[PDB]
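Novice: Provided herewith is a single structure, encoded as structure tokens, for subsequent inquiry.
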Amino acid sequence: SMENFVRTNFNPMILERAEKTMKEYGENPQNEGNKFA
């Protein structure tokens, strides 16, 4: 998983913020791995 990678490297508050601005975008963290990085 490209999504799983992202959990390790990035801290709490960015992980949180990243998914938020990703649902706004219209897509879930799973469907887009490289775009979540």
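Ligands are numbered from 1 in the order shown, residues from 1 within each chain, and chains are lettered A, B, ... in the order they appear in the structure tokens.
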Using only C-alpha atoms, which protein or nucleic acid residues come within 12 Å of residue A:31? Drop anything in the same chain fewer than 2 positions from it, and give the result as a VMD selection string.

Specialist: chain A and resid 1 to 3 19 22 to 23 26 to 29 33 to 36

Novice: Just to be explicit: take each residue in the selection above, keep N, CA and C atoms, and write the result as a compact mmCIF listing (two decimals), in the first residue's frame.

Specialist:
# COMPACT_ATOMS: atom_id res chain seq x y z
N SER A 1 0.85 -1.22 0.00
CA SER A 1 0.00 0.00 0.00
C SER A 1 0.87 1.25 0.00
N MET A 2 0.54 2.19 -0.89
CA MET A 2 1.14 3.51 -0.89
C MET A 2 0.54 4.33 0.25
N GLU A 3 -0.72 4.02 0.58
CA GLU A 3 -1.42 4.61 1.71
C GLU A 3 -0.75 4.21 3.03
N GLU A 19 -6.33 13.68 4.59
CA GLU A 19 -7.53 12.93 4.21
C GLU A 19 -8.71 13.89 4.06
N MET A 22 -8.70 15.68 1.10
CA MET A 22 -8.82 14.66 0.07
C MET A 22 -10.28 14.27 -0.13
N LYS A 23 -11.09 14.32 0.94
CA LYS A 23 -12.52 14.07 0.79
C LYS A 23 -13.18 15.30 0.15
N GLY A 26 -12.93 14.84 -3.35
CA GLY A 26 -13.90 13.90 -3.88
C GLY A 26 -13.24 12.57 -4.22
N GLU A 27 -12.72 11.90 -3.19
CA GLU A 27 -12.02 10.62 -3.31
C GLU A 27 -11.44 10.26 -1.94
N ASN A 28 -11.36 8.95 -1.66
CA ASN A 28 -10.96 8.47 -0.34
C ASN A 28 -9.46 8.18 -0.35
N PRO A 29 -8.80 8.09 0.83
CA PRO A 29 -7.34 7.91 0.90
C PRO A 29 -6.85 6.61 0.25
N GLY A 33 -3.36 6.47 -3.71
CA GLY A 33 -2.23 6.23 -2.84
C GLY A 33 -1.14 7.29 -3.04
N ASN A 34 -0.74 7.47 -4.30
CA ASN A 34 0.35 8.36 -4.67
C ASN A 34 -0.09 9.82 -4.55
N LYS A 35 -1.40 10.07 -4.65
CA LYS A 35 -1.94 11.41 -4.54
C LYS A 35 -2.10 11.78 -3.07
N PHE A 36 -2.14 10.76 -2.19
CA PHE A 36 -2.20 10.97 -0.75
C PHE A 36 -0.80 11.26 -0.20

Novice: Pick out each residue of chain A that DSSP on the backbone tags as helix (DSSP H, G or I); I need them as a list in words.

Specialist: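 Answer for chain A restricted to helix (DSSP H, G or I) is residues 2, 3, 4, 5, 6, 7, 8, 9, 12, 13, 14, 15, 16, 17, 18, 19, 20, 21, 22 and 23 of chain A.
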
Novice: Would you work out the distance separating atom CA of residue A:20 from atom CA of residue A:32, expressed in Å to one decimal?

Specialist: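 One can read the atom CA of residue A:20 to atom CA of residue A:32 distance as 13.3 Å.
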